[PDB]
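Content type TSV, C-alpha atoms and all ligand atoms, from the file query-v7.tsv:
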chain	number	residue	atom	x	y	z
A	11	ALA	CA	114.22	141.18	87.15
A	12	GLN	CA	114.48	137.46	86.44
A	13	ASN	CA	117.63	135.53	87.48
A	14	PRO	CA	119.31	138.51	89.20
A	15	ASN	CA	122.22	136.40	90.50
A	16	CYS	CA	122.97	135.31	86.84
A	17	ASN	CA	122.88	131.60	87.56
A	18	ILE	CA	123.14	129.06	84.78
A	19	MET	CA	119.64	127.77	84.11
A	20	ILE	CA	118.73	124.29	82.88
A	21	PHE	CA	115.67	123.74	80.71
A	22	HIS	CA	113.61	120.63	79.99
A	23	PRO	CA	111.34	121.53	77.00
A	24	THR	CA	108.55	119.17	76.13
A	25	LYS	CA	108.32	117.80	72.62
A	26	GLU	CA	105.76	120.43	71.78
A	27	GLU	CA	107.96	123.22	73.13
A	28	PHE	CA	110.90	121.79	71.05
A	29	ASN	CA	109.20	122.64	67.77
A	30	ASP	CA	109.79	126.31	67.52
A	31	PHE	CA	113.45	127.16	68.18
A	32	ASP	CA	113.16	130.92	68.17
A	33	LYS	CA	110.17	130.87	70.48
A	34	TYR	CA	112.00	128.69	73.00
A	35	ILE	CA	115.09	130.95	73.03
A	36	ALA	CA	112.79	133.87	73.72
A	37	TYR	CA	111.08	131.87	76.50
A	38	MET	CA	114.42	131.12	78.14
A	39	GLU	CA	115.28	134.79	78.02
A	40	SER	CA	111.88	135.68	79.59
A	41	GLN	CA	113.04	133.58	82.53
A	42	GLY	CA	116.40	135.44	82.74
A	43	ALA	CA	118.59	132.69	81.25
A	44	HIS	CA	120.74	135.08	79.28
A	45	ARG	CA	121.90	136.85	82.39
A	46	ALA	CA	124.23	133.89	83.07
A	47	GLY	CA	125.76	133.95	79.59
A	48	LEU	CA	125.10	130.22	79.18
A	49	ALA	CA	122.09	127.85	79.51
A	50	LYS	CA	121.66	124.11	79.26
A	51	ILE	CA	118.82	122.55	77.32
A	52	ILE	CA	117.99	118.86	77.88
A	53	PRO	CA	115.98	117.63	74.81
A	54	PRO	CA	112.67	115.76	75.41
A	55	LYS	CA	113.03	112.06	75.74
A	56	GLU	CA	111.21	111.55	72.35
A	57	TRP	CA	114.01	113.37	70.46
A	58	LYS	CA	117.18	112.16	68.84
A	59	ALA	CA	119.83	113.87	66.71
A	60	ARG	CA	120.41	110.85	64.48
A	61	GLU	CA	119.96	107.07	64.70
A	62	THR	CA	123.47	105.98	65.62
A	63	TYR	CA	127.08	107.18	65.77
A	64	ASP	CA	128.42	103.85	64.43
A	65	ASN	CA	129.39	105.17	61.01
A	66	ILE	CA	131.46	108.35	61.73
A	67	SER	CA	134.98	106.95	61.71
A	68	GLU	CA	135.78	107.96	58.18
A	69	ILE	CA	135.17	111.69	58.69
A	70	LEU	CA	138.52	113.46	58.09
A	71	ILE	CA	140.15	115.87	60.48
A	72	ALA	CA	142.30	117.65	57.87
A	73	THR	CA	144.21	119.78	60.35
A	74	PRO	CA	144.29	118.45	63.91
A	75	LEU	CA	145.63	121.06	66.29
A	76	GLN	CA	148.09	120.32	69.14
A	77	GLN	CA	147.39	122.80	71.88
A	78	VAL	CA	150.71	123.84	73.43
A	79	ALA	CA	150.56	125.89	76.64
A	80	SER	CA	152.87	128.62	78.06
A	81	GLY	CA	152.60	130.27	81.44
A	82	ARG	CA	151.56	129.03	84.84
A	83	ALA	CA	148.93	126.44	85.70
A	84	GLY	CA	146.14	128.92	86.32
A	85	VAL	CA	147.17	131.64	83.84
A	86	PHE	CA	148.39	130.47	80.47
A	87	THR	CA	148.13	130.86	76.74
A	88	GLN	CA	147.93	128.12	74.16
A	89	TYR	CA	149.07	128.03	70.56
A	90	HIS	CA	147.86	125.64	67.98
A	91	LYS	CA	150.44	123.53	66.22
A	92	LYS	CA	149.14	121.96	63.05
A	93	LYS	CA	149.42	118.13	62.74
A	94	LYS	CA	149.01	115.78	59.86
A	95	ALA	CA	145.49	114.76	58.80
A	96	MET	CA	143.75	111.89	60.39
A	97	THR	CA	140.37	110.22	60.37
A	98	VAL	CA	137.93	110.32	63.29
A	99	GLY	CA	138.71	106.61	63.83
A	100	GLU	CA	142.38	107.33	64.02
A	101	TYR	CA	141.79	110.31	66.32
A	102	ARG	CA	139.58	108.27	68.63
A	103	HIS	CA	142.33	105.64	68.97
A	104	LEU	CA	144.81	108.40	69.73
A	105	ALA	CA	142.52	109.98	72.38
A	106	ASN	CA	142.24	106.53	74.07
A	107	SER	CA	145.98	105.87	74.05
A	108	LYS	CA	147.96	105.85	77.26
A	109	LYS	CA	149.57	109.21	76.36
A	110	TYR	CA	146.23	111.04	75.93
A	111	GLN	CA	143.52	109.16	77.78
A	112	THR	CA	141.53	110.53	80.71
A	113	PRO	CA	143.13	109.54	84.06
A	114	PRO	CA	141.33	107.71	86.71
A	115	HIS	CA	139.15	110.03	88.70
A	116	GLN	CA	136.38	110.06	91.32
A	117	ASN	CA	133.90	112.48	89.87
A	118	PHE	CA	133.73	115.60	87.66
A	119	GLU	CA	135.10	117.79	90.47
A	120	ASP	CA	138.19	115.61	90.90
A	121	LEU	CA	138.75	115.67	87.15
A	122	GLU	CA	138.38	119.47	87.13
A	123	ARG	CA	141.07	119.68	89.87
A	124	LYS	CA	143.35	117.50	87.81
A	125	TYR	CA	142.74	119.60	84.66
A	126	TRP	CA	143.73	122.84	86.35
A	127	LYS	CA	146.70	121.33	88.13
A	128	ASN	CA	148.12	119.53	85.14
A	129	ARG	CA	146.85	120.92	81.84
A	130	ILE	CA	149.95	122.97	81.02
A	131	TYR	CA	152.23	119.93	81.18
A	132	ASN	CA	150.56	118.21	78.29
A	133	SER	CA	149.71	119.12	74.71
A	134	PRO	CA	146.40	117.48	73.70
A	135	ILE	CA	145.28	117.37	70.06
A	136	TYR	CA	141.89	118.95	69.15
A	137	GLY	CA	139.90	118.33	65.88
A	138	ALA	CA	138.24	121.71	65.86
A	139	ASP	CA	136.34	123.78	63.52
A	140	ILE	CA	135.47	121.10	60.88
A	141	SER	CA	132.63	122.30	58.56
A	142	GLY	CA	129.88	119.71	58.65
A	143	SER	CA	126.94	118.22	60.58
A	144	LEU	CA	125.94	114.99	62.30
A	145	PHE	CA	122.22	115.78	62.52
A	146	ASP	CA	120.09	113.51	60.36
A	147	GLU	CA	118.28	115.44	57.69
A	148	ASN	CA	115.04	114.07	59.00
A	149	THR	CA	115.56	115.57	62.50
A	150	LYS	CA	113.24	118.56	62.36
A	151	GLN	CA	113.66	119.99	65.87
A	152	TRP	CA	116.89	121.74	66.99
A	153	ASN	CA	118.76	120.58	63.95
A	154	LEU	CA	121.83	122.90	63.97
A	155	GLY	CA	122.14	122.74	60.16
A	156	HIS	CA	118.55	124.00	59.66
A	157	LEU	CA	118.48	127.06	61.76
A	158	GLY	CA	117.46	130.50	60.45
A	159	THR	CA	120.62	132.19	59.15
A	160	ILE	CA	122.17	135.27	60.72
A	161	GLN	CA	122.05	136.97	57.30
A	162	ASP	CA	118.34	136.47	57.16
A	163	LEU	CA	117.93	137.79	60.73
A	164	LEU	CA	119.89	140.96	59.89
A	165	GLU	CA	117.80	141.37	56.81
A	166	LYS	CA	114.57	140.87	58.66
A	167	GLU	CA	115.54	143.36	61.41
A	168	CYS	CA	117.28	146.01	59.47
A	169	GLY	CA	116.04	145.57	55.89
A	170	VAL	CA	119.45	145.16	54.22
A	171	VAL	CA	120.15	142.03	52.24
A	172	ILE	CA	123.73	140.78	52.61
A	173	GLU	CA	126.00	138.09	51.25
A	174	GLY	CA	127.22	135.21	53.42
A	175	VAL	CA	126.32	131.87	54.73
A	176	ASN	CA	126.07	130.33	58.22
A	177	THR	CA	126.92	126.56	58.56
A	178	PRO	CA	127.78	124.32	61.54
A	179	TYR	CA	131.09	123.03	62.72
A	180	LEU	CA	132.21	119.76	64.28
A	181	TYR	CA	134.66	119.44	67.16
A	182	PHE	CA	136.39	116.21	68.02
A	183	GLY	CA	137.98	116.43	71.50
A	184	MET	CA	140.12	114.49	73.90
A	185	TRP	CA	141.12	114.85	77.52
A	186	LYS	CA	142.48	118.33	78.26
A	187	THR	CA	141.49	119.85	74.92
A	188	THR	CA	140.71	123.40	75.77
A	189	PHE	CA	138.62	126.31	74.55
A	190	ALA	CA	140.07	129.63	75.55
A	191	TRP	CA	138.14	132.58	77.04
A	192	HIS	CA	136.08	134.28	74.32
A	193	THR	CA	132.80	135.68	73.20
A	194	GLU	CA	131.46	134.76	69.79
A	195	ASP	CA	132.26	136.67	66.60
A	196	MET	CA	130.28	139.89	66.62
A	197	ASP	CA	129.04	138.85	70.13
A	198	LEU	CA	126.59	136.39	68.47
A	199	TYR	CA	124.84	133.56	70.27
A	200	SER	CA	126.20	130.06	69.93
A	201	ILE	CA	124.55	126.69	70.33
A	202	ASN	CA	126.53	123.54	70.97
A	203	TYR	CA	125.26	119.95	70.93
A	204	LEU	CA	127.40	117.24	72.48
A	205	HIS	CA	126.71	114.32	70.11
A	206	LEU	CA	128.75	111.61	71.79
A	207	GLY	CA	131.42	110.69	74.23
A	208	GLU	CA	132.81	112.27	77.33
A	209	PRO	CA	131.68	115.54	78.91
A	210	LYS	CA	132.65	119.14	78.35
A	211	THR	CA	133.07	121.50	81.34
A	212	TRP	CA	132.17	125.15	80.76
A	213	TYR	CA	132.99	128.35	82.60
A	214	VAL	CA	131.04	131.55	81.86
A	215	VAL	CA	131.00	135.22	82.88
A	216	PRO	CA	127.59	136.99	82.92
A	217	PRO	CA	127.35	139.45	80.00
A	218	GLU	CA	126.75	142.33	82.38
A	219	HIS	CA	130.19	141.63	83.88
A	220	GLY	CA	132.20	140.88	80.80
A	221	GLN	CA	134.31	144.03	81.07
A	222	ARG	CA	135.56	142.76	84.50
A	223	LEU	CA	136.99	139.74	82.80
A	224	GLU	CA	138.55	141.93	80.07
A	225	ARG	CA	140.23	144.13	82.68
A	226	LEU	CA	141.68	141.11	84.48
A	227	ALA	CA	142.89	139.65	81.21
A	228	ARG	CA	144.70	142.89	80.37
A	229	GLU	CA	146.44	142.68	83.74
A	230	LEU	CA	147.37	139.01	83.41
A	231	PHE	CA	148.48	139.10	79.79
A	232	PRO	CA	150.13	142.48	79.61
A	233	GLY	CA	152.21	141.97	76.37
A	234	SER	CA	149.16	140.60	74.55
A	235	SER	CA	147.06	143.53	75.70
A	236	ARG	CA	149.60	146.04	74.31
A	237	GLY	CA	149.51	144.19	71.04
A	238	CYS	CA	145.75	144.36	70.62
A	239	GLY	CA	142.89	146.21	72.34
A	240	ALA	CA	140.67	143.06	71.83
A	241	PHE	CA	143.16	140.27	72.24
A	242	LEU	CA	140.61	137.86	73.73
A	243	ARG	CA	139.34	137.68	70.13
A	244	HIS	CA	142.55	135.68	69.47
A	245	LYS	CA	141.11	132.86	71.53
A	246	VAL	CA	144.34	131.84	73.23
A	247	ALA	CA	144.09	132.90	76.94
A	248	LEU	CA	143.12	130.74	79.85
A	249	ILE	CA	142.42	131.82	83.43
A	250	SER	CA	141.41	129.22	86.05
A	251	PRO	CA	138.42	129.41	88.35
A	252	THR	CA	140.74	129.79	91.29
A	253	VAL	CA	142.36	132.87	89.75
A	254	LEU	CA	138.96	134.29	88.80
A	255	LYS	CA	137.74	133.84	92.44
A	256	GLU	CA	140.93	135.46	93.80
A	257	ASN	CA	140.24	138.46	91.61
A	258	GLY	CA	136.55	138.73	92.40
A	259	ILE	CA	135.35	137.99	88.85
A	260	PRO	CA	131.75	136.77	88.75
A	261	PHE	CA	131.44	133.44	86.92
A	262	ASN	CA	129.67	130.10	86.90
A	263	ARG	CA	130.50	126.59	85.80
A	264	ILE	CA	128.59	123.58	84.51
A	265	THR	CA	129.34	120.23	82.87
A	266	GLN	CA	127.63	119.28	79.60
A	267	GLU	CA	127.04	115.62	78.89
A	268	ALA	CA	126.31	113.76	75.69
A	269	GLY	CA	122.82	114.45	74.42
A	270	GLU	CA	122.66	117.96	75.86
A	271	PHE	CA	122.62	121.41	74.25
A	272	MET	CA	124.32	124.50	75.55
A	273	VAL	CA	123.47	128.01	74.39
A	274	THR	CA	125.83	130.91	74.86
A	275	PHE	CA	124.27	134.38	74.86
A	276	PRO	CA	125.60	137.62	73.33
A	277	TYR	CA	128.72	138.85	75.11
A	278	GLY	CA	128.82	135.82	77.46
A	279	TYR	CA	132.53	135.04	77.84
A	280	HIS	CA	133.14	131.32	78.06
A	281	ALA	CA	135.99	128.79	78.31
A	282	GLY	CA	136.29	125.11	79.10
A	283	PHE	CA	137.71	121.70	78.50
A	284	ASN	CA	136.84	118.22	77.33
A	285	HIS	CA	136.94	115.19	79.66
A	286	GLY	CA	137.91	112.63	77.08
A	287	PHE	CA	137.09	111.61	73.50
A	288	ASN	CA	133.94	113.41	72.31
A	289	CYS	CA	132.26	115.06	69.41
A	290	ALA	CA	130.33	118.32	69.52
A	291	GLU	CA	128.55	120.38	66.84
A	292	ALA	CA	128.14	124.13	67.17
A	293	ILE	CA	126.95	127.12	65.19
A	294	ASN	CA	126.36	130.81	65.72
A	295	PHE	CA	122.89	132.34	65.50
A	296	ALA	CA	121.15	135.65	66.07
A	297	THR	CA	117.84	136.95	67.40
A	298	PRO	CA	116.41	140.46	67.43
A	299	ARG	CA	118.02	141.03	70.80
A	300	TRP	CA	121.47	140.38	69.35
A	301	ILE	CA	121.45	143.42	67.02
A	302	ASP	CA	122.38	145.89	69.75
A	303	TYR	CA	125.23	143.63	70.86
A	304	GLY	CA	126.51	143.27	67.33
A	305	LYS	CA	126.63	147.06	66.91
A	306	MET	CA	128.78	147.41	70.04
A	307	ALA	CA	131.04	144.32	69.68
A	308	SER	CA	134.74	144.90	70.01
A	309	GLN	CA	136.91	144.07	67.26
A	310	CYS	CA	140.50	142.82	66.73
A	311	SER	CA	142.20	144.77	63.92
A	312	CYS	CA	145.85	143.62	64.66
A	313	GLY	CA	145.70	140.75	62.22
A	314	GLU	CA	145.60	137.87	64.61
A	315	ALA	CA	141.89	137.02	64.90
A	316	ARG	CA	141.26	136.29	61.14
A	317	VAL	CA	137.64	135.11	60.64
A	318	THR	CA	135.08	133.87	58.20
A	319	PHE	CA	133.86	135.41	55.05
A	320	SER	CA	130.49	136.22	56.55
A	321	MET	CA	131.80	138.63	59.24
A	322	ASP	CA	132.55	141.20	56.63
A	323	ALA	CA	128.95	142.19	56.09
A	324	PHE	CA	128.19	142.25	59.82
A	325	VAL	CA	131.01	144.80	60.42
A	326	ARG	CA	130.19	146.72	57.27
A	327	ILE	CA	126.52	147.21	58.09
A	328	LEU	CA	126.52	147.33	61.90
A	329	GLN	CA	129.87	149.05	62.48
A	330	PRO	CA	130.65	151.23	59.45
A	331	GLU	CA	133.03	153.51	61.38
A	332	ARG	CA	135.19	150.49	62.32
A	333	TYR	CA	134.99	148.73	59.00
A	334	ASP	CA	138.03	150.13	57.16
A	335	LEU	CA	140.38	149.43	60.13
A	336	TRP	CA	138.98	145.99	60.73
A	337	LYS	CA	139.25	145.05	57.02
A	338	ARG	CA	142.92	146.15	56.98
A	339	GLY	CA	143.44	143.61	59.82
A	340	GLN	CA	141.79	140.97	57.67
A	341	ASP	CA	144.30	141.74	54.79
R	1	LIG	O1	133.36	123.17	72.14
R	1	LIG	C1	134.32	123.98	71.94
R	1	LIG	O2	135.56	123.69	71.81
R	1	LIG	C2	134.10	125.45	71.84
R	1	LIG	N1	132.67	125.81	71.66
R	1	LIG	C3	132.21	127.01	71.83
R	1	LIG	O3	132.96	128.01	72.17
R	1	LIG	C4	130.79	127.26	71.54
R	1	LIG	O4	130.00	126.36	71.27
R	1	LIG	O5	130.50	128.49	71.57
R	2	MG	MG	132.46	108.02	58.44
R	3	NI	NI	132.14	129.82	71.82
R	4	ZN	ZN	144.16	141.33	67.70
Please express the file's structure as structure tokens.
Amino acid sequence: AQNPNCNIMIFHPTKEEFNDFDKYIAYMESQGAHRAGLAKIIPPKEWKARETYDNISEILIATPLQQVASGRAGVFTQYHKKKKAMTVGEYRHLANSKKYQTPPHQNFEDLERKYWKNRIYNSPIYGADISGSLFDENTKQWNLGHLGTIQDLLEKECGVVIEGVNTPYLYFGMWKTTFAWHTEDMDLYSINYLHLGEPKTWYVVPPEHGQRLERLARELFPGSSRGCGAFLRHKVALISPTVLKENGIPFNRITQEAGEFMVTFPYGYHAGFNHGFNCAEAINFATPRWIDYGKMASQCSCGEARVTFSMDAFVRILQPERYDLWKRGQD
């Protein structure tokens, strides 16, 4: 069995290997990359996402989110307080202000220590989930707006044509902006490209061990767990690496830098934080191997998770027994 310890693997495809996206995902899986839940892909030196980032300041962040924490430093939830609209240029200035800027630090490990010690005492503002793309239309390789759609994959595997669309999303981050522990909708893959700026640190639980994380979360967030049998779908709970190690939960960590892709694999729980002002692009995708994960994915039906239009068909076709309850939670 490849990668039996479920380590995060790092790949360096050549320009020739960068042509066929699906083939390369399958290659990484042949080497056991999915066992980690997360892989890094460093593009060939010949590749670029676009020519420059000099002209992005007028992008609008319609609903910046202030991420307010509750709990203790290693075990907390965050809620998202909506803020007034601002441009990317305005947000960048805000990220660089004394109130929000990255502190002095020695290295990524010192900054990680500072994040976990201090995150709860601040409320950073995240420009998340903005429909759009920064790939040039002429970038033909690993262009996250030109991937095969999940609707087409389901149709190719299962024969059923479905409604829905699959487009990318932009994330503008600052120091301490945080992504809570989650798997993707319908336990899909995700791919994330860090276009510019400061790094993003990731934590990940191997898919084979995801239920260990779920059981810890139920213990640590006992009110939330009574509320909803899949409350990690709410994407609000954080657990630090120190707490995970104290509780024996298998996980790994890695820092993504500008110019690098990360891929999350079906049912790979992940969480993390941004180091400073940055911009990422991410989208969900599927492969044939996903279908069995999609059929078994948990679902939130309490009302909280509320998701895209295109999840309807995935539930309806892959999980018909759960569909009526789930759709009630959507309404
Ligand atoms: O970058 C972020 O805030 C969150 N991204 C992801 O969870 C992802 O790409 O799957
Ligand atoms: Mg602009
Ligand atoms: Ni994700
Ligand atoms: Zn719920």
Show me, as number ranges by chain, the residues that have an atom within 8 Å of stretch 226-241 of chain A when counting all atoms listed in the file, minus same-chain residues fewer than 4 positions from it. A: 85, 222, 245, 257, 308-312
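Residue nearest ligand MG 2 (chain R) within the list A:221, A:132, A:97, A:17: A:97 [criterion: smallest interatomic distance, all atoms listed in the file].
Selection of all polymer residues within 9 Å of ligand NI 3 (chain R) on the basis of all atoms listed in the file gives residues 189, 190, 191, 192, 193, 194, 195, 199, 200, 201, 202, 274, 278, 279, 280, 281, 292, 293 and 294 of chain A.
With all atoms listed in the file as the atoms that count, the minimum distance from residue A:83 to the choices A:242, A:135, A:253, A:160 is reached by A:253.
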Figure out the distance between atom CA of residue A:19 and atom CA of residue A:86, please, to one decimal in Å. 29.1 Å
List the neighbours of stretch 149-151 of chain A out to 9 Å using all atoms listed in the file; skip same-chain residues closer than 2 positions along the sequence, and give me the result as a PyMOL selection string. chain A and resi 25+28-31+57-60+145-147+153-154+156
Given the choices A:143, A:107, A:87, A:133, which gets closest to ligand MG 2 (chain R) if the distance is worked out from all atoms listed in the file? A:143
List as a list in words the protein and nucleic acid residues near residue A:100, meaning an atom at most 10 Å away when all atoms listed in the file are counted, but skip any in the same chain fewer than 2 places from it. residues 67, 68, 69, 70, 71, 95, 96, 97, 98, 102, 103, 104 and 105 of chain A
Surrounding residues of residue A:340 excluding itself and chain neighbours under 3 positions, 8 Å, only C-alpha atoms, as number ranges by chain: A: 311, 313, 316-317, 336-337
As a check of understanding: the span from atom CA of residue A:65 to atom CA of residue A:152 is 21.6 Å
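When all atoms listed in the file are used to measure the gap to residue A:183, the shortest distance among A:123, A:108, A:93, A:285 belongs to A:285.
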Counting all atoms listed in the file, the residue of A:330, A:91, A:244, A:275 that sits nearest residue A:315: A:244
Give the answer as one residue: which of A:341, A:291, A:122, A:256 has the shortest atom-to-atom distance to residue A:203, using all atoms listed in the file? A:291
With 6 Å added on each side, what axis-aligned box encloses every listed atom of stretch 185-196 of chain A? Give the centre and edge lengths in Å to one decimal, as AutoDock Vina command-line options.
--center_x 136.4 --center_y 127.4 --center_z 72.4 --size_x 24.2 --size_y 37.0 --size_z 23.7
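Residues in contact range of residue A:118, defined as at most 12 Å between all atoms listed in the file, with sequence neighbours fewer than 2 positions away removed, read residues 112, 113, 114, 115, 116, 120, 121, 122, 123, 124, 125, 208, 209, 210, 211, 212, 263, 264, 265, 266, 267, 283, 284, 285 and 286 of chain A.
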